[PDB]
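A quick write-up on the structure given underneath.
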Amino acid sequence: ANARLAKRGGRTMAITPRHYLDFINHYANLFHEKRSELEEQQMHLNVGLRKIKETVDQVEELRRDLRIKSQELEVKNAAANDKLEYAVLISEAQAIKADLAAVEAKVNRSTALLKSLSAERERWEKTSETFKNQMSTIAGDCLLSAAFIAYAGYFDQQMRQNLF
Amino acid sequence: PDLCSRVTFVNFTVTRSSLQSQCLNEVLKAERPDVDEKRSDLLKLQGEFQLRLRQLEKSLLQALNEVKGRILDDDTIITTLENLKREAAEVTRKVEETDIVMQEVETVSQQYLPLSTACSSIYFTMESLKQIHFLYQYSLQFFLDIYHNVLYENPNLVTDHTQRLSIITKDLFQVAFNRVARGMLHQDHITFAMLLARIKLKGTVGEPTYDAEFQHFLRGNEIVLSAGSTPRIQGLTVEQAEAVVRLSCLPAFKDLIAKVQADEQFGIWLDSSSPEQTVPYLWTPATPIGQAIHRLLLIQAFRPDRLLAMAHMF
């Protein structure tokens with residue numbers, strides 16, 4: 001490219017092996033920092049997805065407890081109707097129904113939380129799947145970027161684009 | 001090379017896109033100040049909202065990273081839900097600002113895109129102008145001073161945008177030619193006028209971009225000529241014959257030899273006298289500018305002496 005510019009008749013600067021050493025050092029530093037960044041991002045995404053899985057498991061456990069103790073309230077109400085001591089049974093049924101209200105409110109709130117966080121999950125899983133492809137291109141991307149950042153600093157936009 | 005080895009070069013040149021954006025912003029400020037200031041405010045608000053969205057993504061990642069427990073049994077996750085809801089609402093509110101930005105940018109584009117294209121073309125012509133005589137070299141501050149003259153010194157200072165844009169454009173072309181040719185030799189004034197004419201011709205719609213005949217008019221001597229081709233010597237010499245053969249490759253000039261042989265009575269409008277005022281033949285309809293281009297090609301083929309006068313009248 002320098003020879004072509006000289007044949008064209010413009011003004012050029014002679015290149016030196018210092019530029020090659022600078023380019024290779026930039027390649028090494030960029031490769032290391034990009035590898036660290038993607039590794040930290042994947043670690044954070046894995047933590048987030050594992051915690052979402054744990055939250056879904058807790059939601060399922062809450063649903064199972066809700067239906068089991070709903071059946072328990074139904075059985076207790078049937079027993080109280082058969083036995084129709086009574087005041088204590090009524091108080092126990094009222095306490096169980098208040099627990100049902102609290103548990104159902106928590107279940108609905110957790111379901112709303114899951115619905116709201118599904119929009120983040122549907123992209124987080126896609127990024128985690130795309131990580132395998134995006135980690136295999138880091139060498140070529142860093143080579144291109146280091147070559148541009150250490151070599152194409154003197155020319156104009158057209159010659160920068162031509163070299164790239 | 002001793003200094004070149006030790007340092008890396010960072011060249012801050014000027015690009016067409018940057019110059020077009022800068023000129024568009026300047027003409028917006030000097031033409032529609034309210035639109036310009038509200039566009040700047042909307043861009044700033046969009047940038048800070050995108051920054052807020054990225055901060056929210058980072059905060060959600062950190063909150064889901066560093067609580068170490070069950071999400072369903074905590075109140076920090078409840079605050080997280082509240083934040084997700086409220087800032088999903090502001091993401092929803094982003095759309096109306098985006099629509100207003102789209103309306104503003106489409107109005108600005110449809111009103112002042114050819115002006116900014118002319119801005120870039122004229123400045124790049126002025127920069128490439130140094131290849132001729134290497135004495136005059138102009139900077140970007142010269143162009144910015146030209147714009148401070150154009151946008152702030154208006155005859156009949158109209159208050160109508162449709163006429164004002166055309167007035168600004170033609171005043172720009174005239175004062176650019178004046179301020180450049182004031183410090184530039186008379187031998188190249190016709191060259192700069194031709195370049196400005198090419199810029200305005202490309203800008204103006206109606207004339208179909210006369211690239212092929214302009215390329216032939218500029219590079220007709222360097223093209224390969226026919227070998228052994230001997231046209232008629234009834235009223236033209238060997239140089240005129242060679243020029244006619246070279247020009248005959250254009251789609252407009254098909255029956256040139258037949259036409260000049262049939263028009264024997266018109267032996268004066270194409271040879272001798274002053275052919276600039278009256279030219280034979282023609283350019284299907286043709287624009288006056290296209291007819292001028294065709295007559296200029298005819299002048300270059302037949303009487304190359306009158307090229308400067310014909311360029312002046314073109």
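Naming works like this for the structure tokens: A, B, ... for the chains as they're shown, residue 1 at the start of each chain, ligands 1 onward in shown order.
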Proximity check chain A to chain B, 7 Å, nearest pairs one decimal Å, only C-alpha atoms, as a Markdown table:
| residue | atom | partner | partner_atom | distance |
| --- | --- | --- | --- | --- |
| A:13 | CA | B:4 | CA | 7.0 |
| A:14 | CA | B:1 | CA | 6.0 |
| A:16 | CA | B:5 | CA | 5.7 |
| A:18 | CA | B:5 | CA | 6.0 |
| A:44 | CA | B:65 | CA | 6.4 |
| A:47 | CA | B:65 | CA | 5.9 |
| A:48 | CA | B:64 | CA | 5.4 |
| A:55 | CA | B:71 | CA | 5.8 |
| A:58 | CA | B:72 | CA | 7.0 |
| A:110 | CA | B:72 | CA | 6.3 |
| A:113 | CA | B:81 | CA | 6.3 |
| A:153 | CA | B:10 | CA | 5.1 |
| A:154 | CA | B:9 | CA | 5.1 |
| A:155 | CA | B:11 | CA | 6.9 |
| A:156 | CA | B:13 | CA | 6.6 |
Per DSSP on the backbone, filter range 22-208 of chain B down to the residues in alpha helix (DSSP H) and report them as a PyMOL selection string. chain B and resi 22-31+33-65+76-128+130-133+140-150+161-181+189-203
Using C-alpha atoms, can you export the residues from the last selection as a tab-separated table (two decimals), in the first residue's frame?
chain	number	residue	atom	x	y	z
B	22	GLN	CA	-21.82	19.42	10.15
B	23	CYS	CA	-23.24	21.47	7.26
B	24	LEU	CA	-26.72	20.04	7.83
B	25	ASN	CA	-26.56	20.99	11.52
B	26	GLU	CA	-25.31	24.49	10.67
B	27	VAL	CA	-28.05	25.12	8.11
B	28	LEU	CA	-30.60	23.74	10.58
B	29	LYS	CA	-29.38	26.18	13.24
B	30	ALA	CA	-29.43	29.09	10.78
B	31	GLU	CA	-32.78	28.12	9.19
B	33	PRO	CA	-33.55	27.08	15.16
B	34	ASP	CA	-36.46	25.56	17.09
B	35	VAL	CA	-36.28	22.33	15.07
B	36	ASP	CA	-32.50	22.20	15.51
B	37	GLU	CA	-32.58	22.75	19.27
B	38	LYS	CA	-35.40	20.26	19.81
B	39	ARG	CA	-33.54	17.71	17.67
B	40	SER	CA	-30.43	18.21	19.81
B	41	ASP	CA	-32.50	17.84	23.00
B	42	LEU	CA	-34.15	14.67	21.68
B	43	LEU	CA	-30.77	13.16	20.75
B	44	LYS	CA	-29.40	13.97	24.22
B	45	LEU	CA	-32.46	12.45	25.91
B	46	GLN	CA	-32.24	9.32	23.73
B	47	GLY	CA	-28.57	8.93	24.63
B	48	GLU	CA	-29.19	9.29	28.36
B	49	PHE	CA	-32.14	6.87	28.14
B	50	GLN	CA	-29.96	4.28	26.40
B	51	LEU	CA	-27.37	4.81	29.14
B	52	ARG	CA	-30.11	4.23	31.72
B	53	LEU	CA	-31.20	1.03	29.94
B	54	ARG	CA	-27.63	-0.31	29.93
B	55	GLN	CA	-27.33	0.59	33.62
B	56	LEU	CA	-30.55	-1.33	34.27
B	57	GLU	CA	-29.22	-4.40	32.47
B	58	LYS	CA	-26.01	-4.24	34.52
B	59	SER	CA	-27.99	-3.74	37.75
B	60	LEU	CA	-30.26	-6.70	36.96
B	61	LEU	CA	-27.20	-8.86	36.27
B	62	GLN	CA	-25.59	-7.79	39.55
B	63	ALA	CA	-28.81	-8.31	41.54
B	64	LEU	CA	-29.29	-11.79	40.09
B	65	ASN	CA	-25.57	-12.44	40.70
B	76	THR	CA	-35.01	-7.15	47.16
B	77	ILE	CA	-36.49	-9.27	44.37
B	78	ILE	CA	-39.77	-7.39	44.92
B	79	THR	CA	-37.93	-4.10	44.40
B	80	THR	CA	-36.36	-5.72	41.32
B	81	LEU	CA	-39.84	-6.52	39.98
B	82	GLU	CA	-40.94	-2.92	40.63
B	83	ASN	CA	-37.88	-1.59	38.80
B	84	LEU	CA	-38.46	-3.97	35.90
B	85	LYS	CA	-42.07	-2.78	35.59
B	86	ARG	CA	-41.36	0.97	35.85
B	87	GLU	CA	-38.43	0.94	33.46
B	88	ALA	CA	-40.27	-1.32	31.03
B	89	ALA	CA	-42.81	1.53	31.12
B	90	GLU	CA	-40.08	4.05	30.26
B	91	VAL	CA	-38.86	1.74	27.47
B	92	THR	CA	-42.45	1.94	26.23
B	93	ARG	CA	-42.32	5.75	26.53
B	94	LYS	CA	-39.16	5.76	24.36
B	95	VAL	CA	-41.25	5.00	21.25
B	96	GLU	CA	-43.00	8.38	20.98
B	97	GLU	CA	-39.67	10.21	21.24
B	98	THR	CA	-38.30	7.89	18.55
B	99	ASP	CA	-41.27	8.74	16.31
B	100	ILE	CA	-40.76	12.49	16.80
B	101	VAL	CA	-37.06	12.04	16.01
B	102	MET	CA	-37.99	10.13	12.84
B	103	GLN	CA	-40.36	12.90	11.73
B	104	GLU	CA	-37.74	15.58	12.37
B	105	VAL	CA	-34.96	13.74	10.53
B	106	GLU	CA	-37.15	12.93	7.53
B	107	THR	CA	-38.22	16.59	7.27
B	108	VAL	CA	-34.60	17.77	7.53
B	109	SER	CA	-33.42	15.20	4.98
B	110	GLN	CA	-36.14	15.98	2.44
B	111	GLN	CA	-35.50	19.70	2.82
B	112	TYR	CA	-31.69	19.99	2.90
B	113	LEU	CA	-30.06	16.82	1.61
B	114	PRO	CA	-28.94	18.14	-1.84
B	115	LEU	CA	-27.58	21.28	-0.16
B	116	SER	CA	-25.30	19.19	2.08
B	117	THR	CA	-24.27	17.04	-0.88
B	118	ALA	CA	-23.27	20.26	-2.65
B	119	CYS	CA	-21.42	21.30	0.52
B	120	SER	CA	-19.29	18.16	0.48
B	121	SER	CA	-18.71	18.29	-3.29
B	122	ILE	CA	-17.64	21.95	-3.29
B	123	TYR	CA	-15.28	21.56	-0.33
B	124	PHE	CA	-13.69	18.44	-1.81
B	125	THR	CA	-13.27	20.24	-5.15
B	126	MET	CA	-11.58	23.10	-3.28
B	127	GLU	CA	-9.27	20.62	-1.52
B	128	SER	CA	-8.39	18.74	-4.72
B	130	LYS	CA	-4.30	22.26	-5.02
B	131	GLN	CA	-3.13	19.68	-7.60
B	132	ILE	CA	-3.14	22.31	-10.37
B	133	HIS	CA	-0.87	25.19	-9.36
B	140	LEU	CA	-11.84	24.16	6.32
B	141	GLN	CA	-12.08	27.51	8.13
B	142	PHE	CA	-12.26	29.18	4.70
B	143	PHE	CA	-15.34	27.08	3.89
B	144	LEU	CA	-16.86	27.81	7.30
B	145	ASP	CA	-16.32	31.54	6.72
B	146	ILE	CA	-18.01	31.13	3.34
B	147	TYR	CA	-20.98	29.60	5.16
B	148	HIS	CA	-21.03	32.36	7.76
B	149	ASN	CA	-21.23	34.74	4.80
B	150	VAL	CA	-23.96	32.78	2.98
B	161	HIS	CA	-38.18	28.16	3.05
B	162	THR	CA	-38.85	26.84	-0.47
B	163	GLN	CA	-37.43	29.94	-2.18
B	164	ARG	CA	-34.86	30.56	0.56
B	165	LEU	CA	-33.17	27.18	0.04
B	166	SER	CA	-32.68	27.83	-3.69
B	167	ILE	CA	-31.50	31.38	-2.99
B	168	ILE	CA	-28.97	30.06	-0.46
B	169	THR	CA	-27.75	27.40	-2.90
B	170	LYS	CA	-27.19	29.75	-5.83
B	171	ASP	CA	-25.66	32.41	-3.56
B	172	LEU	CA	-23.33	29.71	-2.20
B	173	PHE	CA	-22.17	28.71	-5.67
B	174	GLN	CA	-21.61	32.33	-6.73
B	175	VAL	CA	-19.73	33.42	-3.61
B	176	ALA	CA	-17.64	30.23	-3.54
B	177	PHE	CA	-16.52	30.93	-7.10
B	178	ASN	CA	-15.86	34.59	-6.24
B	179	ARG	CA	-13.86	33.93	-3.08
B	180	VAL	CA	-11.80	31.16	-4.68
B	181	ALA	CA	-11.13	32.84	-8.03
B	189	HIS	CA	-11.10	30.14	-13.69
B	190	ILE	CA	-12.87	28.22	-16.45
B	191	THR	CA	-11.74	24.94	-14.84
B	192	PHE	CA	-13.19	25.88	-11.46
B	193	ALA	CA	-16.37	27.16	-13.12
B	194	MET	CA	-16.67	23.85	-14.99
B	195	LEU	CA	-16.26	21.89	-11.76
B	196	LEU	CA	-18.93	23.98	-10.02
B	197	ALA	CA	-21.16	23.49	-13.06
B	198	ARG	CA	-20.67	19.72	-12.82
B	199	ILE	CA	-21.56	19.84	-9.11
B	200	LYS	CA	-24.76	21.81	-9.69
B	201	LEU	CA	-25.68	19.68	-12.72
B	202	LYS	CA	-25.37	16.50	-10.65
B	203	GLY	CA	-27.39	18.16	-7.89
Neighbour list for residue 150 in chain A as a list in words, cut-off 8 Å, only C-alpha atoms, skip fewer than 5 positions in-chain: residues 19, 22, 23 and 26 of chain A; 8 of chain B
Next, write the just-selected residues to a file, as a PDB file, in the first residue's frame, keeping C-alpha atoms as the atom set.
ATOM      1  CA  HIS A  19       4.982  -1.115  13.941  1.00  0.00           C
ATOM      2  CA  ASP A  22       3.280  -2.791  18.322  1.00  0.00           C
ATOM      3  CA  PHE A  23       0.675  -4.672  16.272  1.00  0.00           C
ATOM      4  CA  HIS A  26      -1.874  -5.031  20.635  1.00  0.00           C
TER       5      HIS A  26
ATOM      6  CA  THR B   8       2.187   6.091  15.907  1.00  0.00           C
TER       7      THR B   8
END
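Counting only C-alpha atoms, residue 130 in chain A has the following residues at most 12 Å away, ignoring those fewer than 6 positions along the same chain: residues 38, 42, 123, 124, 136 and 137 of chain A.
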Writing out the chosen residues with N, CA, C and O atoms as a PDB file, in the first residue's frame:
ATOM      1  N   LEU A  38     -15.475 -11.879  27.932  1.00  0.00           N
ATOM      2  CA  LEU A  38     -16.478 -12.891  27.599  1.00  0.00           C
ATOM      3  C   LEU A  38     -16.591 -13.956  28.684  1.00  0.00           C
ATOM      4  O   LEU A  38     -17.691 -14.458  28.946  1.00  0.00           O
ATOM      5  N   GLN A  42     -20.060 -14.723  30.612  1.00  0.00           N
ATOM      6  CA  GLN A  42     -20.647 -16.059  30.660  1.00  0.00           C
ATOM      7  C   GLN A  42     -20.855 -16.531  32.091  1.00  0.00           C
ATOM      8  O   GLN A  42     -21.844 -17.211  32.385  1.00  0.00           O
ATOM      9  N   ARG A 123     -33.722 -13.869  25.794  1.00  0.00           N
ATOM     10  CA  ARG A 123     -32.506 -13.357  25.175  1.00  0.00           C
ATOM     11  C   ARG A 123     -31.242 -13.850  25.861  1.00  0.00           C
ATOM     12  O   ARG A 123     -30.214 -14.020  25.196  1.00  0.00           O
ATOM     13  N   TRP A 124     -31.300 -14.082  27.176  1.00  0.00           N
ATOM     14  CA  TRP A 124     -30.138 -14.582  27.898  1.00  0.00           C
ATOM     15  C   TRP A 124     -29.753 -15.980  27.430  1.00  0.00           C
ATOM     16  O   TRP A 124     -28.566 -16.272  27.230  1.00  0.00           O
ATOM     17  N   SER A 136     -15.270 -18.581  19.054  1.00  0.00           N
ATOM     18  CA  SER A 136     -14.384 -19.136  18.041  1.00  0.00           C
ATOM     19  C   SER A 136     -13.894 -18.097  17.040  1.00  0.00           C
ATOM     20  O   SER A 136     -13.005 -18.403  16.240  1.00  0.00           O
ATOM     21  N   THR A 137     -14.446 -16.886  17.067  1.00  0.00           N
ATOM     22  CA  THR A 137     -14.066 -15.815  16.156  1.00  0.00           C
ATOM     23  C   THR A 137     -13.190 -14.756  16.812  1.00  0.00           C
ATOM     24  O   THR A 137     -12.829 -13.769  16.154  1.00  0.00           O
TER      25      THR A 137
END
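CA of residue 239 in chain B lies 11.3 Å from CA of residue 300 in chain B.
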One-decimal distance in Å that lies between CA of residue 276 in chain B and CA of residue 303 in chain B: 9.3 Å
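Taking CA of residue 285 in chain B as the reference point, CA of residue 264 in chain B is found at 25.1 Å.
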